[PDB]
Each structure stands twice: as structure tokens, then as C-alpha cells.
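Engineer: opening piece of the complex, as it sits:
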Amino acid sequence: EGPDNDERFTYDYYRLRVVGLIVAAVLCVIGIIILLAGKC
């Protein structure tokens, strides 16, 4: 699709890791809240 088709071989793994970490953090928080909810 032309010489400058470098995109067909690139993936933004950085943004993916950032989002996956934000989500992991959120899930961890929700977890702790539910666990200690009653003990306060």
C-alpha cells in the first residue's frame, strides 16, 4: 500500500499497558473497599 506503510507493522503497546494498569488498579481498589466494608 505504498512505501510509507510503516503503520501496518506498528502497535501502540505503551497505551495498552497504561490502560491495563489503570484497570488493574481500579479492580484492586474496589476489592479492598468491599472487603473492609463492615469493619468501619
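Structural biologist: Structure received. Residues are numbered from 1 along each chain as shown, chains lettered A, B, ... in the order given.
Engineer: how much space is there between the residue positioned nearest the centre of chain A and residue A:34?
Structural biologist: Nearest to the mean C-alpha position of chain A, by Cα atoms, centre = their mean, lies residue A:20 at 1.5 Å. Remark: distance between residue A:20 and residue A:34 (Cβ to Cβ, to the nearest Å) = 22 Å. Where C-beta positions appear, they are placed from N, C-alpha and C, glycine not excepted.
Engineer: how about residue A:21?
Structural biologist: Going from residue A:21 to residue A:34 by Cβ to Cβ gives 21 Å.
Engineer: assign the residue nearest to the centre of chain A to helix, strand or coil.
Structural biologist: helix (DSSP: H, G, I helix; E, B strand; the rest coil).
Engineer: how much space separates it from residue A:26?
Structural biologist: Residue A:20 is 11 Å from residue A:26, by Cβ to Cβ.
Engineer: related to what we said a few turns ago, the residue nearest to the centre of chain A and residue A:11, how far apart?
Structural biologist: Distance, residue A:20 to residue A:11, using Cβ to Cβ: 14 Å.
Engineer: likewise residue A:33?
Structural biologist: Residue A:33 is 34 Å from residue A:11, by Cβ to Cβ.
Engineer: and if you look at residue A:29?
Structural biologist: 29 Å.
Engineer: repeat that for residue A:37.
Structural biologist: Residue A:37 is 40 Å from residue A:11, by Cβ to Cβ.
Engineer: can you check residue A:30 too?
Structural biologist: Distance, residue A:30 to residue A:11, using Cβ to Cβ: 29 Å.
Engineer: also residue A:34?
Structural biologist: Distance of residue A:34 to residue A:11, computed by Cβ to Cβ: 35 Å.
Engineer: extra chain here, label it chain B:
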Amino acid sequence: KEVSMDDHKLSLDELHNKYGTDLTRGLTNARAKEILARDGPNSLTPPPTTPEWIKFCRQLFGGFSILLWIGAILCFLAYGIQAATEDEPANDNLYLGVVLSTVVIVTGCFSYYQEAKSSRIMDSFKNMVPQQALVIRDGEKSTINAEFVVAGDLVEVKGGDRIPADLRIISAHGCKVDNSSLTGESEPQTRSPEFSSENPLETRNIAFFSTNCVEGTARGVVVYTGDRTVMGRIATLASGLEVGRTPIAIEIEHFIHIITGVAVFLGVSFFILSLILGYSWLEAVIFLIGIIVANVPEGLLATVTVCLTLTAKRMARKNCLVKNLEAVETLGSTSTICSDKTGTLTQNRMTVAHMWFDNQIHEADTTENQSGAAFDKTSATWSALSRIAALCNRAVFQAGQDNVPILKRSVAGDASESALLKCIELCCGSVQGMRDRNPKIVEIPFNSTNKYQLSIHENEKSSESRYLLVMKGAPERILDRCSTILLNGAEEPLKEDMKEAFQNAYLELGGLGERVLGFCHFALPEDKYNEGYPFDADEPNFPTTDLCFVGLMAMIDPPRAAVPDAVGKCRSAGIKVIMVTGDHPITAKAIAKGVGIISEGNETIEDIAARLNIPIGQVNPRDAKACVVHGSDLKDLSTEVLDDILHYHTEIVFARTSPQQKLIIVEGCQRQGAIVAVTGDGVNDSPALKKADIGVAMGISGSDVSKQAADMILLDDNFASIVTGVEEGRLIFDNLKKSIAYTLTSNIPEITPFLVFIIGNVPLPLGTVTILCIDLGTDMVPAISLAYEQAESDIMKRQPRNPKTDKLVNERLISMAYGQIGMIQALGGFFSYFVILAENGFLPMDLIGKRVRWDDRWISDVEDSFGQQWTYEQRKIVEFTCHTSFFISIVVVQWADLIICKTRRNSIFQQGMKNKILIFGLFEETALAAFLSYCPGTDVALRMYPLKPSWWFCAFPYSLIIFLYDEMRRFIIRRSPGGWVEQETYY
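Structural biologist: Alright, chain B goes in next:
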């Protein structure tokens, strides 16, 4: 024998001078505090304790952590060998070793945490209800903690009390102590203050520690306290308990063995397969580690200790103190309950309800008013009746009671005597003056041989013969004892007609469910007995018969509030309840009918004879479901007759049965093949308590001998608490099964990739690092969450389990875990695998056989389905993106499995999502999977790569499918009892 030097030779004066204690008064509280501080608490130095570091260390080098240690060591050595060879090697072996060691560290700390938790909870059961001692201080008698006893304190012990410390007997009356723990002989030896022998083991005036007083009473002084006691030296070093396990723990162990054997065989075999197929020596051990970890459920022992400890805390919360851990398991299996009438079913708070004198039934006891009574207080016979009620009575009121009414105040004595006192004070007047005017010369307390009470009083008035004998007792026996009856002041001989009316009155009041007591008195002739005449208690001089029957007094005693519901739950539960009481069959039959032991419709042989108006002997014994066995009949019966009554009758009530006969009843119940629990408060009850499967001792009133003899202690002495406790006991089994069912399901998805790898010749879908992360890394908490579970509506609506037929791990369990649920978690992971490879360029048809070429480091030319050419690391990266996906597809399916596992009979909609630990587990695992996939550096260290977003969803159809499938199978079970589904699928 060697360590013996005592004070027995000293006299009362010598003992007083040495110890320095008022023999009559006892030491003062201030002196008690000083002595306690100086000598120390009356307790035995405890043993030392394992250090915290040694245990933790046992965890590091225990369970199967050893296998992981060898694997980690092998990896380190392999890396070291690589160091010598060509430069710039791959740190793959180095980071693999670093992964195994960490797994061992996390497992060691977690298991250590759980074990400590359980040990601390067990210790809490040591200072809940302590062991006390009755001491005499400042003249007053008080109950104090056993540790507070000091040397020189005046201690008093009675029948059934434990000896707080070695004592010097100052005074005693028929005291018998059992020195079985000291000498070995179980024969009770008498104890008297007289100096019998020079040696301590024989001297009559020395009570040793740890012994118990079988009968009588005695007063002594503490010669030795704590470790100084004779028995203390032996008990501290010589009597230490050893470690003990349960049968629940051993069924689980046996199963762990069978699975371990199959796992090791499969491992070694795969190892040889890898070598025949050209792999590295290190990769062979790696495959073995993965197979063993994926197949051996290492968490079961921890999950059982945790389940038992947590359930015990729930019981201790609900009034059921288990002395041992085995009782927690045995309670769930309880089939028959032999309970007592007074103390357990009722409250033991008697109130005087009705009376019978002047050949009439009279109501009385105005409801805390001045209305007096229904009849004339002026009645002549009533005067004699109240006279005997007040004079023969043993109980007296305590001080400080003058402020409140009689129905509300406290008394000291028997419940019946207390009721009589409250009645006379409300209607008659003051007992202090009445007891004062008629001085009691001699009195005979209630005795089993006599079965009556007795009191001799002198009369201050004129016209009397100067002698008034008063006695009360069983109405049947006292009527046999009297020749005359007092009616309206005029005495008349007792004829058969009067006795018939009396029997009618007894039947009427007894049918009501009230305890009737007979009363009588006699004025002995002055000519035969002068004023000076002494009456001999030891040798009865006065006439016992030809007395004058005054009348009958009856009292009421309502049952506990919770008792009826408890018997109902037992009937729904399939548990048999037996009432063993000292009362009369009419009162027993009644109380039993009211509480629920004898439900409506059921009749005994006598009941049917009465309806039919036929002799009882003629009626068929099998015709009656329930029966009331008399104590005399029980003594006369043989083993076969006892078995006949226990087998053929649904509701049995033993009346007028001595507590000693309980052993025969317990043995008969066991001959049948039932797990029995028996309730006991006294000393005579101990043999039955030991013989019964579950001995329940009364907490409030039970003596130290009974408490020592039993496994469970009822704090409230209520019967409902027993039923609630059995309810808790069944939950242990339900939760344990739900846990075994969970952990075992992941075996099929973790092992199937290896098998497919070898048979199919496709690339490895799931690696070993991920396997360790699954079993050891994330499911640790979810496995435990299954124990916190609540119960299901049906826990009390099912039959008792029998150890012969039921076992925790049965064939139906393997049908659900391996066959149906497992095969599905395997397909969900395989699906996610196929998708990763297909998207990156490898299609499915092309994959069969690429392994030989795939695992060959040397082929940098691998061709995919679309014809591209792949190198070695580029291709390996896609394989690793599959190990991570598999992993996630496993956590995702685990969601459906963990949710469906919660209940086995009901749906989760009915039960609900009220378990907090379980929910915390779903969120935490999901979070860990996302973390391990996304964090940087994991690629090199853990070999996990990032997962793109369209992939997380591949396991979703298999998770919804697992959930929907189990819901329908639960529905079909509830709808069709005893069907094919319940026969095959219900584990």
C-alpha cells in the same frame, strides 16, 4: 513416693500457728492479696513454646515445597553450567530459578498465617469459663478463680468438686476422694481430720491436687500451691498432651495419597517421553514440576483446619463450647438425643400453683396482690398444712430482700422449697417466727433411701402432746405412710374412699403437668414421749407410720421458650429425642406431650388400652409408636427387651429412671447403630457421658467431674442450643465438599494442554510458570472463601449422614468435577489459544505437526498459513502470548465455577451474593491476571506478554455456558427428588 514431706502430723493449734489463718474465719482478703503477689498464682508454669522462626522455617521446608526447592536448585545449577560455555547466554534459567523460590516463599508465609490463626483461636477456649474454688474469707464463703487460691486459705470442697491444691483436712463429714490419678486405684478413699498414717499417700487428712471429691464435704487448708503441689510435679513434666488429628483430616490425607501416586507416575512417564523426543535435561524436570503442581491439591489440609477452626468460633458464639475438635465433626452426625426433663427442657424455677386439703381442690397464690387466696385463710386444716410447709422446709431467704415482694426476691435452697417459702409468706405470714416457735430438734434431709424429708419440732402451745413430727415427700408414698386425715379441724381415719378421692386429685393435678408433693404431720403422745425425751436420729425411736396426712401441694414449672421449636427441628432433622427423668410418669407423659416429644396422634400401649377399655396386657405393644418406660421396669429388662423398645418405638420417654441407668440406655441406643448425645450434670452421669458419642455437660450447674468427663459443654443448659449447634455442625461438611469440588475442577484445563501437546503434536498452549501462578499464585484465597459460606434452607431438612455409606470424596464428585465442568474449562482455554495463533498468521489446519519444527531453535525459516517466514524468538513470542491468554481464560471460567460451587441444592438467586470474602476473591484474581499480563519486565522475567483487548472476551461464552448449565441441573434436582440427576450428579 520420693518427694514427700507433709504437715499432717501438726495439730489444729500447730497448723494455725504455722500457716497463720483463722480456722473458723479463714484468711482476710488483704492477706490473700499479699500471699498471691508473693507466692504467685495457683497455676502450673506453662511449657515453653516453639519459636516463631522455627515454625515459619518448617513451612519453607515442608508440604511439597521440597519439590519446588529441588527444581529451583536445578535451574540455578543449569544456569551456572551455561556461564562456563559460550558468552552472552540467555538468563532464562536464572529467572526460572528466581520464580520457583518465590513461589515457595509465598506458600510458606500463607500456610504459616493460617496455622497460627487456628492455634490462637483454640487458645481462646482456655480462659472463657475457668475452673473455680470455694474459699472461706472473713467468715464469708465466696467463689473465686482457682489461680487466686493462696497457701493457708481455708478451702471447702463438696461432692463433685476438684481439689484446687494440696490441703490439710480440718473438718469433714463422710468425704470420699478419688486418688485414681495419684495412686491408680479408682476406689474412693475416705478423708477425715484424724491422723491415720505417717505417710502422705495413706493419711486420711490430706487432699491432693488434681483429685476430685466423689461424695461428702470437707474443709482444708492449702499446704502447697501451684507447682509446689505433689501432683503438680508429675503433671507439669510428666503429663503433656501429644498432637492429635481427626477422621475428616485423615479421609482427606488418604485421598491426597491416591492422587499423589497417580500424579507422580504420570510425571516420570512424561519425563522419559521428553527425553525420547529430544528435549533438554532441565526442561524434563520443568515438565515434571508442572504436571505435579497441576495435579496435586496441596491446599486441602489447610482448608480443613481452617473450616473446623472457623466453625468452632461460630459455635462458641452460639453457646456450644466443644472441649475437643473431634466433637465439632461428631455433632453433625447426631442421630439420637437423650435429654433430661429438669434443668435442660425446663428452667428450674418452680412456683406453687394449687393445693388439695379438706378433700377439695383449692386455688391460691394471688398474682402479686393482697387478695390472699381463693379459700378461707381461717381453715383449720390449712393451718396444719402451712405449718408443715414452713417447718419442714430447709430453704431460708437471704439478707437485703426486705425491699421487694416475695414473687421477685431470691432464696437459698431447692426450687421446690423456695416455691413453698414464697407461697407461705404471701398467704400465711412470716416463716422466721414460725420456725422460731417450733424449734427443730433434729432433721433428716431428703435421702434416696428414705425418699421423704423429716423434721422434729417442739410445740410451745398448750393442749398438744409437746411433740410435733412433720414430713413431706412423694404423695403416693406419704399416703401409704398415714392412717388418718385432718378435715376441717376434725381428724378422721383414712378409709379407701378418701384414698380414691385423693388419687382422683393426684390424677387431676398431675395430668396438668404439675409436680405434686405430699405433706403430713403427727402429734406424738406425751405419755410415750415426755418433754425431756431425746429423739435419736441415728436409731429411729419415734414411729414412722400411722401419721396424719394433711394435704397435697403442687407447683408449676414452664418449659423453655426455644424448646418446642427445637424438638420440631429434630423431628424434621430425623433425630430422636428421649426424656430421662426422676419424676412420675403422669407428669413426664404430660410435659413430654406439651414440649413436643409426644406429638398429637401418637399413643402408648396404656393410652390405647384406656381408649378401648381393655387391659393393657391385652393390647399389642407394636400398636403404640411412643412409650413411657418405668425405672423399675428398665432395671428388670434384659438387653433384648431394651433393643425391642428402642427399635420399635419412635418416641421413648424413660420416667422414674435413675441417672445411673443412663448408661444402659446409651448402650442400647448404640447397639442400634446410632450416634447418641447425652446430657449430664452430676457425678453418676459420668459413665454415660463417657460412653455416649457426644457428652453434653451442663455449664451452669455441672460439677468439675462431669465437665471433665464430657466433650461438649452447654453454656445455657438449654436444649435449643444443642439443635443450633448441630445445625452449625452440618455446615462444616457442606462447605468442605464445596471446596473439594472447586479446587479439583481446574485439573482438567491445566493438564489437558500437555496431553494435547504430545498426542496432537501442536505447540504448547499453557506453560509451567503460568500453572504455578494459577494453583499456587491466585486460587489460594478463593479456595478458602468456600468455608465462609452460609447454609442452605435444607440443612435441617435432610437426614443424618452415616460414616459407613457417606464419604467426602465419592464417585459422583469426580463425575461433576472432571467429566462435565472440567472439559468445559479446557475448551475455553483452547479456544483462546486457537484465536491468538490464527490472528497472528498461523491457521488451525497448518498447526498439526509443526511442533518438531517449532521447538527446533535452528529453523529460522518456519512458514505459516499465509506463507510468511518466522524466526525463533518471533514465533516463541506468539506462543507465550498464548500461555498468558490460556491463564486469563482460566480465571474467567473460574468465575463461573466458583459462583456455581457456592450452593449445591439451591440456586444462587435464592441464596444470594452475601459472602464478602468470595466476592473479594473474584475481583482480586481478575486484578492479578491483568497485572501479570500488563506490567513491564514480565516479558523477560515471567515470560508473560501483554494481551490485546479483543482477546480477554474469548472465554466469555464458556463461562456463561458453565453457569447456565449448573443452574438447570440444580433445578431438576429440587423438582424431582430421588431422580437420575440426583443419583448420578449430587456430590
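Engineer: quote the end-to-end distance of stretch B:845-864.
Structural biologist: 11 Å (Cα to Cα, to the nearest Å).
Engineer: other residues contacting stretch B:300-317?
Structural biologist: Around stretch B:300-317, the neighbours that count as contacts under Cβ atoms under 8 Å, 6 or more residues apart in numbering or on different chains are B:111, B:114-115, B:117-118, B:121-122, B:124-125, B:128, B:246, B:248-249, B:252-253, B:255-256, B:321-322, B:325, B:328-329, B:725, B:728-729, B:731-732, B:735-736, B:739-740, B:743, B:783-784, B:786-788.
Engineer: 7 Å instead, please
Structural biologist: B:111, B:114, B:117-118, B:121, B:125, B:248-249, B:252, B:256, B:322, B:325, B:328, B:725, B:728, B:731-732, B:735-736, B:739-740, B:783-784, B:787 (Cβ atoms under 7 Å, 6 or more residues apart in numbering or on different chains).
Engineer: all helices for the stretch 551-700 of chain B, in order.
Structural biologist: B:563-573, B:585-595, B:605-612, B:631-636, B:639-648, B:662-672, B:686-691 (DSSP state H, counting those that start in this stretch).
Engineer: residue B:466: which of those helices is closest?
Structural biologist: Of all the helices of the stretch 551-700 of chain B, helix B:585-595 sits nearest to residue B:466, with 38.7 Å by Cβ to Cβ.
Engineer: what does chain A put close to chain B?
Structural biologist: Within reach of chain B by Cβ under 7 Å from any Cβ of the partner chain, chain A has these residues: A:13, A:16-17, A:20-21, A:23-24, A:27-28, A:30-31, A:34-35.
Engineer: hmm, 10 Å instead?
Structural biologist: A:11, A:13-14, A:16-39 (Cβ under 10 Å from any Cβ of the partner chain).
Engineer: also, this goes in as chain C:
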Amino acid sequence: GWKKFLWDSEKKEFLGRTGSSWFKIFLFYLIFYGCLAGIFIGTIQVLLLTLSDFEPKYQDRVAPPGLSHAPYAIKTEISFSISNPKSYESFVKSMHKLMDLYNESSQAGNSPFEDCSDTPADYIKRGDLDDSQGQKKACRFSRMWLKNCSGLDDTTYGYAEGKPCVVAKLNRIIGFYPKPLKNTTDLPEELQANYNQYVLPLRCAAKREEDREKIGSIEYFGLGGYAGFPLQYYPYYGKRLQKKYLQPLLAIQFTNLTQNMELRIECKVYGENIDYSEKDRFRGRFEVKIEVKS
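Structural biologist: Just below you will find chain C, in place on the chains above:
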């Protein structure tokens, strides 16, 4: 137990159950494993639909391209005796397997092999990645181009007298355009001379500074006489759209090689969309251990 749990004749049980139980369980499992199989086959069919036949959806794991070689050396070592003939047989059998695909008999007629510039040239676009104009056409690559390593003159290819060859090859990637370095002041030393823009350069050297002296004259054979790959053989349209496609090759003769001593030779390609990796020792470059012990 042992005998009784195997076969009893009162309850007419075998292994534990009767005939109707074994039949109900077997029927249930057959139906169940059938629904399971059908669902897996359907969820996999939708997956076959999702993807395209002319192009892999994801092409990030293979870039830049690797650099493989013939022969097939295990551990990246080429060791053989010049006397014993049964020492370099495993090598020749491979070399031959690779060159056996460039036979002229295979490349004949107008399709699908068209005659291309005998001298390096630029890219050639045969349209898009569609089925509209049928099977595309690929350029012909003759054997003879490789001069002393062709197996046409000296079948052995060199291994017979202490002068081996190494046919290097660039990993085939769909839609990959090779981009060589430009003539600007920044360029390696080696690459300055013979800057044919249309040629992707390949140059071998010694891993260590010492070995330089012990390595003799690296003689590269290729299209046009240059030490590289002509850009005209790109891009690659994939197997489905370009069956019978031949990738360029470059021969390397390691003349004047010291005898009885292990020599570490690292070959490396240069270019813009070319990047090496410290973990993958075959991404763009390659290592060979040669030891002509005689």
C-alpha cells in the same frame, strides 16, 4: 471386594452398576460431548470467517526481518575435515535442498516468472492485495548468478578444499519494502563504496578484534555482482497471491581461512526498517562458527 466388586450375580452388576445404569450414563455422556463438540466447532468457524485469506491481521511480531542461512548448522557451527568426505555431507545435503528450488526447469514460460532487469532496480507494484487480477507475477532468479557456489560446477560448493560458501537469505514478509541507508555523511565505513541505492547491503566481519587477522577474503556473490539484495524482488504478496515466488539470495565465500581454529563470523544487513535485537541473534544479523580442521 477384590472379586465381589468385579462381578456379583445377585444384583446382576458389572464393575458396580447394572445394565440400565451404564446405558443411561453412556447415553448422557455421548449427547453431552456432542453438544460440546458442536459449540467449539461453531465458535471456531466464526473465527475462520473473521480473518482474511490474502493478509494476516497482525504483522507486528515479524519486523524487522530476520536473516537465515544454508547450511543448517546446529549451534551455529560449521566444522568439517577436508579429508574425510562423510564430514560435510549433512551440510551439502542442505545447501542442495535450498538451491534445488531455483532450477531453471522450474522457472519457465511467461508465467508466473517474468524476466526482470539483470542489474539491480527499484520496487515493482503488481497492484493491491486482491484477487481481481489473478495470480501475480514474480521475477526470475537464476542459479548461475551465484558464481562459485551453485552446485552446478563443484557440487560440493567449496567444502572439498577448504573454501566454504554460505548462502544468506532475507526472511519473506508480506508487503515489506526494504529501505537502504542514504548517502549522507553518516553511514558505516564499509557501505560507502558501491552505493547502489537499489541494493540492500550485507557485510560480514569478525565478532572479536583479534579474529580479524585470522579471517581471510570474504568474497560476496550476488545479483549484479553486488553484496546485497535487489529491491526489485519486493514486495512479497504472500503465498495465496504469488505462488511460485523466489526470494533473492547472496552467496558468501570465506576464502583464505586459517586452519585448525574456531572462527566467529558475524554477518549483518543494513537499512532503515532493519533493527537488531540483543535477545534474538537472528534479527537482521547472524552468527556462524567455522572451523575447517584438516
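Engineer: does the residue nearest to the centre of chain A really touch residue B:938, like I thought?
Structural biologist: No - here residue A:20 does not reach residue B:938: they are 11.3 Å apart, not a contact under Cβ atoms under 10 Å.
Engineer: quick check: neighbours shared by these two?
Structural biologist: Common neighbours of residue A:20 and residue B:938, using Cβ atoms under 10 Å, 6 or more residues apart in numbering or on different chains, are B:931, B:946.
Engineer: ok, residue B:199 - contacts?
Structural biologist: B:1, B:4, B:6, B:8, B:206.
Engineer: same check, this time on residue B:698
Structural biologist: Contacts of residue B:698 by Cβ under 10 Å, 6+ apart are B:340, B:343-344, B:679-682, B:685, B:706-707, B:710, B:713-718.
Engineer: residue B:518 now?
Structural biologist: The contact partners of residue B:518, taken as Cβ under 10 Å, 6+ apart, are B:356, B:452, B:471-482, B:502, B:506, B:549-553.
Engineer: which ones among those residues map onto strands?
Structural biologist: Among these, the ones falling in strands (DSSP state E) are B:356, B:471-473, B:482, B:549-553.
Engineer: against chain C, how distant is the residue nearest to the centre of chain A?
Structural biologist: 17 Å (Cβ to the nearest Cβ, to the nearest Å).
Engineer: which residue is nearest the centroid of chain B?
Structural biologist: So for chain B, Cα atoms, centre = their mean, it's residue B:322, sitting 3.7 Å from the centre.
Engineer: which residues touch that residue?
Structural biologist: With Cβ under 10 Å, 6+ apart, residue B:322 has these contacts: B:125, B:308, B:311-312, B:315-316, B:328-331, B:694, B:711-713, B:725, B:729.
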